[PDB]
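Everything below belongs to structure_13.tsv, which stores TSV, C-alpha atoms.
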```
chain	number	residue	atom	x	y	z
A	297	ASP	CA	29.01	-8.94	-14.62
A	298	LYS	CA	25.92	-11.17	-14.62
A	299	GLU	CA	22.36	-9.85	-14.44
A	300	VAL	CA	19.10	-11.66	-15.13
A	301	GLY	CA	17.14	-8.55	-16.10
A	302	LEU	CA	13.48	-8.50	-17.05
A	303	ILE	CA	11.63	-10.35	-19.79
A	304	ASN	CA	9.69	-7.79	-21.81
A	305	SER	CA	8.06	-9.42	-24.85
A	306	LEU	CA	7.05	-12.62	-23.03
A	307	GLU	CA	4.95	-13.22	-19.96
A	308	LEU	CA	5.48	-16.01	-17.47
A	309	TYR	CA	2.41	-18.17	-16.98
A	310	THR	CA	1.87	-19.07	-13.33
A	311	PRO	CA	-0.48	-21.81	-12.09
A	312	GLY	CA	-3.32	-21.55	-9.58
A	313	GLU	CA	-3.06	-21.22	-5.81
A	314	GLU	CA	-6.76	-21.07	-4.88
A	315	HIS	CA	-9.91	-23.01	-5.72
A	316	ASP	CA	-12.51	-20.81	-7.43
A	317	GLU	CA	-16.11	-22.00	-7.35
A	318	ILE	CA	-17.76	-22.42	-10.73
A	319	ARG	CA	-21.38	-21.49	-11.25
A	320	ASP	CA	-23.71	-21.87	-14.19
A	321	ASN	CA	-22.81	-18.26	-15.03
A	322	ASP	CA	-19.14	-19.00	-15.70
A	323	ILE	CA	-20.08	-22.11	-17.69
A	324	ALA	CA	-22.56	-20.17	-19.84
A	325	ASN	CA	-20.11	-17.30	-20.37
A	326	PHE	CA	-17.30	-19.66	-21.42
A	327	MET	CA	-19.42	-21.79	-23.73
A	328	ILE	CA	-21.34	-19.00	-25.47
A	329	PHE	CA	-19.39	-15.74	-25.29
A	330	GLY	CA	-15.93	-17.29	-24.94
A	331	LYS	CA	-15.01	-15.50	-21.70
A	332	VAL	CA	-12.95	-17.56	-19.25
A	333	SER	CA	-10.50	-16.66	-16.51
A	334	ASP	CA	-7.30	-18.70	-16.34
A	335	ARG	CA	-8.26	-19.86	-12.84
A	336	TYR	CA	-11.13	-21.80	-14.43
A	337	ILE	CA	-8.65	-23.50	-16.78
A	338	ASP	CA	-6.29	-24.34	-13.92
A	339	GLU	CA	-9.21	-25.76	-11.93
A	340	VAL	CA	-10.59	-28.05	-14.64
A	341	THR	CA	-7.17	-29.68	-15.13
A	342	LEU	CA	-6.68	-31.09	-11.62
A	343	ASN	CA	-9.62	-33.52	-11.77
A	344	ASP	CA	-10.23	-35.67	-14.86
A	345	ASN	CA	-13.74	-36.71	-13.78
A	346	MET	CA	-14.86	-33.08	-14.17
A	347	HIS	CA	-16.64	-33.74	-17.45
A	348	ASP	CA	-19.51	-31.27	-17.00
A	349	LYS	CA	-17.33	-28.17	-17.46
A	350	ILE	CA	-14.87	-28.80	-20.32
A	351	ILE	CA	-14.37	-31.29	-23.15
A	352	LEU	CA	-11.13	-33.21	-22.59
A	353	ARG	CA	-9.21	-33.82	-25.81
A	354	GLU	CA	-6.71	-36.66	-26.14
A	355	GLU	CA	-4.61	-34.50	-28.47
A	356	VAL	CA	-3.24	-32.84	-25.32
A	357	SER	CA	-1.69	-36.08	-24.04
A	358	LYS	CA	-0.08	-36.76	-27.44
A	359	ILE	CA	1.30	-33.22	-27.54
A	360	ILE	CA	2.67	-33.59	-23.99
A	361	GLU	CA	4.37	-36.87	-24.91
A	362	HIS	CA	5.88	-35.22	-27.98
A	363	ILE	CA	7.09	-32.15	-26.07
A	364	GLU	CA	8.75	-34.26	-23.36
A	365	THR	CA	11.00	-35.90	-26.00
A	366	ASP	CA	12.69	-32.66	-27.19
A	367	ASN	CA	10.38	-32.14	-30.18
A	368	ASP	CA	8.75	-28.97	-31.46
A	369	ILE	CA	5.01	-28.75	-32.11
A	370	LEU	CA	2.99	-26.99	-34.81
A	371	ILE	CA	-0.82	-26.86	-34.59
A	372	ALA	CA	-3.17	-25.93	-37.43
A	373	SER	CA	-6.96	-25.84	-37.61
A	374	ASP	CA	-9.97	-24.13	-39.18
A	375	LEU	CA	-11.95	-21.11	-37.91
B	613	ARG	CA	-6.98	3.26	-12.60
B	614	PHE	CA	-8.57	0.86	-15.10
B	615	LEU	CA	-6.52	2.36	-17.95
B	616	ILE	CA	-3.28	1.99	-15.98
B	617	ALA	CA	-4.05	-1.55	-14.82
B	618	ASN	CA	-5.49	-2.95	-18.05
B	619	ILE	CA	-4.53	-0.94	-21.16
B	620	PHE	CA	-1.00	0.11	-20.22
B	621	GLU	CA	0.69	-3.24	-19.60
B	622	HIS	CA	2.97	-3.55	-16.57
B	623	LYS	CA	5.97	-4.35	-18.78
B	624	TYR	CA	5.49	-0.90	-20.28
B	625	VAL	CA	4.75	0.79	-16.95
B	626	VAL	CA	8.01	-0.18	-15.24
B	627	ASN	CA	10.22	0.70	-18.23
B	628	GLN	CA	8.50	4.04	-18.80
B	629	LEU	CA	8.73	4.85	-15.10
B	630	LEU	CA	12.47	4.20	-15.14
B	631	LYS	CA	12.86	6.35	-18.26
B	632	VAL	CA	10.91	9.29	-16.82
B	633	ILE	CA	12.68	9.11	-13.45
B	634	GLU	CA	16.11	9.09	-15.13
B	635	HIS	CA	15.05	12.04	-17.28
B	636	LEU	CA	13.72	13.97	-14.27
B	637	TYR	CA	16.92	13.32	-12.34
B	638	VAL	CA	19.04	14.44	-15.30
B	639	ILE	CA	17.30	17.74	-16.02
B	640	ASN	CA	16.95	18.79	-12.37
B	641	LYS	CA	20.69	19.31	-11.79
B	642	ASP	CA	20.52	22.57	-13.81
B	643	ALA	CA	17.08	24.02	-13.03
B	644	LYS	CA	17.03	22.94	-9.34
B	645	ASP	CA	13.26	23.42	-9.32
B	646	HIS	CA	11.43	22.25	-6.20
B	647	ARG	CA	8.53	20.64	-8.09
B	648	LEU	CA	10.97	18.32	-9.87
B	649	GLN	CA	12.50	17.32	-6.53
B	650	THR	CA	9.05	16.65	-5.06
B	651	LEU	CA	8.08	14.59	-8.11
B	652	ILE	CA	11.28	12.53	-7.90
B	653	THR	CA	10.97	11.94	-4.15
B	654	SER	CA	7.28	11.07	-4.57
B	655	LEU	CA	7.80	8.61	-7.44
B	656	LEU	CA	9.87	6.51	-5.02
B	657	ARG	CA	7.20	5.83	-2.40
B	658	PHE	CA	5.66	2.37	-2.36
B	659	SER	CA	2.10	3.70	-2.13
B	660	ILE	CA	2.41	5.24	-5.60
B	661	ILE	CA	4.21	2.21	-7.07
B	662	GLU	CA	1.63	-0.20	-5.68
B	663	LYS	CA	-1.04	2.08	-7.14
B	664	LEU	CA	0.73	1.86	-10.53
B	665	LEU	CA	1.74	-1.84	-10.55
B	666	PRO	CA	-0.94	-3.87	-8.71
B	667	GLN	CA	0.53	-6.97	-7.00
B	668	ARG	CA	3.53	-7.47	-9.28
B	669	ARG	CA	6.49	-8.73	-7.25
B	670	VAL	CA	9.04	-9.12	-10.00
B	671	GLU	CA	8.45	-5.68	-11.50
B	672	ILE	CA	8.58	-3.93	-8.12
B	673	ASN	CA	11.77	-5.76	-7.12
B	674	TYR	CA	13.45	-4.94	-10.45
B	675	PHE	CA	12.39	-1.29	-10.19
B	676	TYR	CA	13.72	-0.91	-6.66
B	677	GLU	CA	17.00	-2.69	-7.41
B	678	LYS	CA	17.54	-0.63	-10.58
B	679	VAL	CA	16.64	2.80	-9.18
B	680	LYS	CA	19.56	2.70	-6.72
B	681	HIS	CA	21.85	2.43	-9.75
B	682	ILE	CA	19.88	5.11	-11.61
B	683	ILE	CA	20.84	7.65	-8.92
B	684	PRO	CA	23.96	6.93	-6.82
B	685	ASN	CA	22.61	8.76	-3.74
B	686	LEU	CA	19.77	6.51	-2.51
B	687	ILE	CA	22.18	4.03	-0.91
B	688	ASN	CA	23.21	6.86	1.42
B	689	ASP	CA	19.57	7.92	1.89
B	690	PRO	CA	17.76	6.00	4.67
B	691	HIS	CA	14.32	6.79	3.21
B	692	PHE	CA	14.95	4.67	0.11
B	693	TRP	CA	15.76	1.72	2.36
B	694	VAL	CA	12.57	2.32	4.36
B	695	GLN	CA	10.60	2.28	1.10
B	696	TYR	CA	12.34	-0.91	0.03
B	697	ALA	CA	11.61	-2.54	3.38
B	698	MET	CA	7.94	-1.58	3.26
B	699	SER	CA	7.79	-2.84	-0.34
B	700	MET	CA	8.19	-6.45	0.82
B	701	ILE	CA	5.94	-6.44	3.91
B	702	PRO	CA	2.78	-7.75	2.14
B	703	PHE	CA	5.02	-10.27	0.34
B	704	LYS	CA	5.97	-12.02	3.66
B	705	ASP	CA	9.73	-11.67	3.08
B	706	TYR	CA	10.34	-10.69	6.69
B	707	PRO	CA	14.11	-11.38	7.18
B	708	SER	CA	15.12	-9.47	4.05
B	709	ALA	CA	12.98	-6.52	5.13
B	710	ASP	CA	14.69	-6.81	8.52
B	711	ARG	CA	18.08	-6.50	6.82
B	712	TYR	CA	16.85	-3.50	4.83
B	713	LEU	CA	15.53	-1.79	7.97
B	714	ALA	CA	18.82	-2.52	9.75
B	715	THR	CA	20.70	-0.87	6.88
B	716	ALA	CA	18.31	2.08	7.13
B	717	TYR	CA	19.03	2.27	10.87
B	718	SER	CA	22.78	2.22	10.20
B	719	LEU	CA	22.41	4.99	7.61
B	720	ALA	CA	20.30	7.05	10.02
B	721	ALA	CA	22.85	6.57	12.81
B	722	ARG	CA	25.57	8.44	10.89
B	723	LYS	CA	23.27	11.43	10.17
B	724	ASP	CA	23.06	14.20	12.73
B	725	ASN	CA	19.67	15.36	14.01
B	726	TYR	CA	17.90	12.84	11.75
B	727	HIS	CA	14.65	11.59	13.24
B	728	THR	CA	14.02	7.84	12.98
B	729	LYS	CA	10.32	7.85	13.94
B	730	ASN	CA	9.18	6.53	10.56
B	731	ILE	CA	11.90	3.86	10.59
B	732	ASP	CA	10.90	2.96	14.15
B	733	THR	CA	7.26	2.76	13.04
B	734	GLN	CA	8.17	0.32	10.26
B	735	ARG	CA	10.34	-1.68	12.68
B	736	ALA	CA	7.40	-1.92	15.09
B	737	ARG	CA	5.15	-2.98	12.20
B	738	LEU	CA	7.65	-5.74	11.41
B	739	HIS	CA	7.62	-6.71	15.10
B	740	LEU	CA	3.82	-6.93	15.06
B	741	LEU	CA	3.88	-9.03	11.88
B	742	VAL	CA	6.47	-11.49	13.19
B	743	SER	CA	4.53	-11.68	16.47
B	744	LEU	CA	1.43	-12.55	14.44
B	745	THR	CA	3.40	-15.29	12.68
B	746	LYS	CA	4.82	-16.64	15.97
B	747	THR	CA	3.32	-18.08	19.14
B	748	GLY	CA	4.50	-18.39	22.72
B	749	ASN	CA	7.58	-16.80	24.28
B	750	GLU	CA	9.01	-15.58	20.96
B	751	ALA	CA	5.71	-13.86	20.18
B	752	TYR	CA	5.84	-12.16	23.59
B	753	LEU	CA	9.44	-11.06	22.98
B	754	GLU	CA	8.55	-9.54	19.60
B	755	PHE	CA	5.44	-7.97	21.15
B	756	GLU	CA	7.57	-6.30	23.83
B	757	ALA	CA	10.03	-5.15	21.16
B	758	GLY	CA	7.07	-3.56	19.40
B	759	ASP	CA	5.67	-2.10	22.62
B	760	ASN	CA	8.82	-0.26	23.71
B	761	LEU	CA	9.31	1.20	20.22
B	762	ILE	CA	5.68	2.34	20.01
B	763	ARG	CA	6.10	3.81	23.50
B	764	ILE	CA	9.04	5.94	22.39
B	765	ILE	CA	7.06	6.83	19.24
B	766	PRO	CA	5.14	10.09	19.80
B	767	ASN	CA	1.39	10.19	19.24
B	768	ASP	CA	1.17	10.89	15.51
B	769	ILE	CA	-1.05	9.85	12.60
B	770	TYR	CA	1.00	6.74	11.78
B	771	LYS	CA	0.89	5.48	15.38
B	772	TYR	CA	-2.86	4.81	15.31
B	773	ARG	CA	-2.47	2.48	12.31
B	774	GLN	CA	-0.75	-0.13	14.45
B	775	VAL	CA	-3.63	-0.24	16.96
B	776	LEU	CA	-5.72	-2.53	14.73
B	777	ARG	CA	-3.16	-5.34	14.96
B	778	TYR	CA	-3.61	-5.71	18.73
B	779	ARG	CA	-7.22	-6.71	18.05
B	780	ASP	CA	-6.02	-9.56	15.82
B	781	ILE	CA	-3.41	-10.41	18.47
B	782	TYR	CA	-6.17	-10.78	21.06
B	783	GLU	CA	-8.32	-12.71	18.57
B	784	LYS	CA	-5.67	-15.25	17.51
B	785	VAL	CA	-2.51	-15.43	19.64
B	786	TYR	CA	-3.99	-14.47	23.04
B	787	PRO	CA	-4.54	-18.03	24.43
B	788	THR	CA	-0.96	-19.05	23.57
B	789	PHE	CA	0.47	-16.71	26.21
B	790	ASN	CA	0.78	-17.34	29.94
B	791	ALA	CA	-0.75	-15.29	32.76
B	792	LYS	CA	2.26	-12.97	33.13
B	793	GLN	CA	2.20	-12.03	29.44
B	794	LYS	CA	-1.59	-11.66	29.67
B	795	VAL	CA	-1.17	-9.09	32.46
B	796	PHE	CA	1.67	-7.54	30.42
B	797	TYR	CA	-0.38	-6.70	27.34
B	798	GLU	CA	-3.34	-6.05	29.61
B	799	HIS	CA	-1.56	-3.06	31.16
B	800	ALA	CA	-0.12	-2.26	27.73
B	801	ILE	CA	-3.59	-1.94	26.19
B	802	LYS	CA	-4.74	0.04	29.23
B	803	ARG	CA	-1.85	2.45	28.62
B	804	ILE	CA	-2.75	2.61	24.92
B	805	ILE	CA	-6.37	3.41	25.81
B	806	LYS	CA	-5.23	6.12	28.24
B	807	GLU	CA	-2.97	7.62	25.56
B	808	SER	CA	-5.86	7.52	23.07
B	809	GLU	CA	-8.08	9.78	25.22
B	810	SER	CA	-5.42	12.48	25.57
B	811	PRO	CA	-6.60	15.94	24.41
B	812	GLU	CA	-3.66	16.30	22.00
B	813	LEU	CA	-5.61	14.38	19.34
B	814	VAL	CA	-8.73	16.55	19.69
B	815	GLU	CA	-6.91	19.75	18.71
B	816	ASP	CA	-5.47	18.03	15.62
B	817	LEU	CA	-7.33	18.40	12.33
B	818	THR	CA	-6.26	14.93	11.15
B	819	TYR	CA	-8.18	13.34	14.02
B	820	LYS	CA	-10.99	15.84	13.40
B	821	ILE	CA	-11.45	14.47	9.86
B	822	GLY	CA	-11.95	10.90	11.10
B	823	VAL	CA	-13.50	11.29	14.56
B	824	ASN	CA	-15.99	8.46	13.99
B	825	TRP	CA	-13.50	5.72	13.14
B	826	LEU	CA	-10.99	6.57	15.89
B	827	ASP	CA	-13.93	6.63	18.31
B	828	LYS	CA	-15.01	3.22	17.00
B	829	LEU	CA	-11.45	1.94	17.48
B	830	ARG	CA	-11.43	3.27	21.05
B	831	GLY	CA	-14.75	1.55	21.69
B	832	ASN	CA	-13.33	-1.67	20.25
B	833	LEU	CA	-10.36	-1.42	22.62
B	834	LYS	CA	-12.76	-0.82	25.52
B	835	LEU	CA	-14.78	-3.88	24.48
B	836	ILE	CA	-11.55	-5.90	24.33
B	837	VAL	CA	-10.72	-4.73	27.87
B	838	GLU	CA	-14.24	-5.66	29.01
B	839	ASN	CA	-13.90	-9.12	27.45
B	840	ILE	CA	-10.52	-9.54	29.18
B	841	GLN	CA	-12.12	-8.67	32.52
B	842	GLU	CA	-15.08	-10.99	31.83
B	843	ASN	CA	-12.77	-13.90	30.94
B	844	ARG	CA	-10.77	-13.32	34.13
B	845	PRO	CA	-11.17	-15.97	36.85
B	846	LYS	CA	-13.52	-15.27	39.74
B	847	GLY	CA	-10.58	-15.35	42.18
B	848	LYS	CA	-8.93	-12.34	40.51
B	849	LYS	CA	-11.92	-10.12	39.67
```
Take the structure in the file and give it back as structure tokens.
Amino acid sequence: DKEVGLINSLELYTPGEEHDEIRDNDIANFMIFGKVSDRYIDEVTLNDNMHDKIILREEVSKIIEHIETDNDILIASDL
Amino acid sequence: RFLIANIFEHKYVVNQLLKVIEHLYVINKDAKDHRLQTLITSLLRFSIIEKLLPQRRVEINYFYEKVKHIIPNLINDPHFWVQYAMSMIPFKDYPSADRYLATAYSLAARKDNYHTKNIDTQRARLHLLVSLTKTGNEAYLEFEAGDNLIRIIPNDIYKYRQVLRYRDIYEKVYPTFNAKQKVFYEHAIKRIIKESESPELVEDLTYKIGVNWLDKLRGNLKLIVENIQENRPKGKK
């Protein structure tokens, strides 16, 4: 008896399959009201010259390097 | 619909649906009430499940593979296998749906006086889909396999649903065929047009509800026929 079952308390993140156009409306919504679809996030991570739509933080590369070497990660910040 | 799709999470919807269907199956073996049977046999259909769980493949697959263990009688019921097969049609898993429809056919074969018109309709829909995905001689073979089945299918409400796919066939896969296959589906669409104008539809209330859109479909078929005749060479007109 083996059975994979379902995962109930966790959701599986899945990447993008389509290119969504970004307007000034989505930029304004994200920067002011904090509303952003995950397709926007998946789009601004393919191209690293895409500096007019998100601030790229070098903490992400450090965290990726740390997670590839079988380490856990704990992030803390202010409001 | 917004509450179901956005407040009630899908990981609650599938589990609660399994719980309520097991409960409804358990209590019905004493009361034998017809409304409970209708509710149970309606909770199975993929239209309702796709209305409850919008485009969730994993949840639908888990639900359909668990429900056949919830009740031990669906494996002997062809209709469950038809619902399973039609569950995976928009998910382009064509060979597995073919196996499911074959199992449904085998289950229907051992039942006396059991009509297979719905199963034949789904098989013809699978034929049309795999003919859309294919080109050339294989597309013609699948198209003929769809045509004979839709010919033995009587003129009912579900038959007119498959008419729209011939328009896409003429729009996309038409130039890939040779002249013989062109004449083949040319007389096929002429026969379909002739069957569409039969007075059996006019006396039906289901056609009476939607007269405008069936008339528009008939006009579209006539325009397709006219375009076929216009694109014909001058030596065959």
Check: which chain B residues lie within 9 Å of chain A using only C-alpha atoms, as a list in words: residues 623, 624, 670, 671 and 674 of chain B
Atomic separation - CA of residue 668 (chain B) relative to CA of residue 617 (chain B), Å: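 Computing the Euclidean distance for CA of residue 617 (chain B) and CA of residue 668 (chain B) yields 11.1 Å.
With CA of residue 646 (chain B) on one side and CA of residue 632 (chain B) on the other, the separation reads 16.8 Å.
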Nearest residue to residue 819 (chain B) from the set B:695, B:769, B:652, B:776 (distances using all atoms listed in the file): B:769
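One distance worth recording is that between CA of residue 826 (chain B) and CA of residue 659 (chain B), which is 22.5 Å.
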Selected residue of minimal separation from residue 780 (chain B) among B:842, B:799, B:686, B:744, counting all atoms listed in the file: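 Among the listed residues, the smallest separation from residue 780 (chain B) belongs to B:744.
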Just need the box for region 684-703 of chain B, edges along x, y and z, holding every atom the file lists for it with 6 Å tacked onto each side, so centre and edge lengths in Å to one decimal, as JSON.
```
{"center_x": 13.4, "center_y": -0.8, "center_z": -1.1, "size_x": 33.2, "size_y": 31.0, "size_z": 23.5}
```
Residues within 8 Å of residue 738 (chain B), please, as an mmCIF file with C-alpha atoms, in the coordinates of the input. Count all atoms listed in the file; anything in the same chain fewer than 3 positions from it doesn't count.
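Output file part.cif follows:
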```cif
data_model
loop_
_atom_site.group_PDB
_atom_site.id
_atom_site.type_symbol
_atom_site.label_atom_id
_atom_site.label_comp_id
_atom_site.auth_asym_id
_atom_site.auth_seq_id
_atom_site.Cartn_x
_atom_site.Cartn_y
_atom_site.Cartn_z
ATOM 1 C CA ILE B 701 5.940 -6.440 3.910
ATOM 2 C CA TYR B 706 10.340 -10.690 6.690
ATOM 3 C CA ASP B 710 14.690 -6.810 8.520
ATOM 4 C CA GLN B 734 8.170 0.320 10.260
ATOM 5 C CA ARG B 735 10.340 -1.680 12.680
ATOM 6 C CA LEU B 741 3.880 -9.030 11.880
ATOM 7 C CA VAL B 742 6.470 -11.490 13.190
#
```
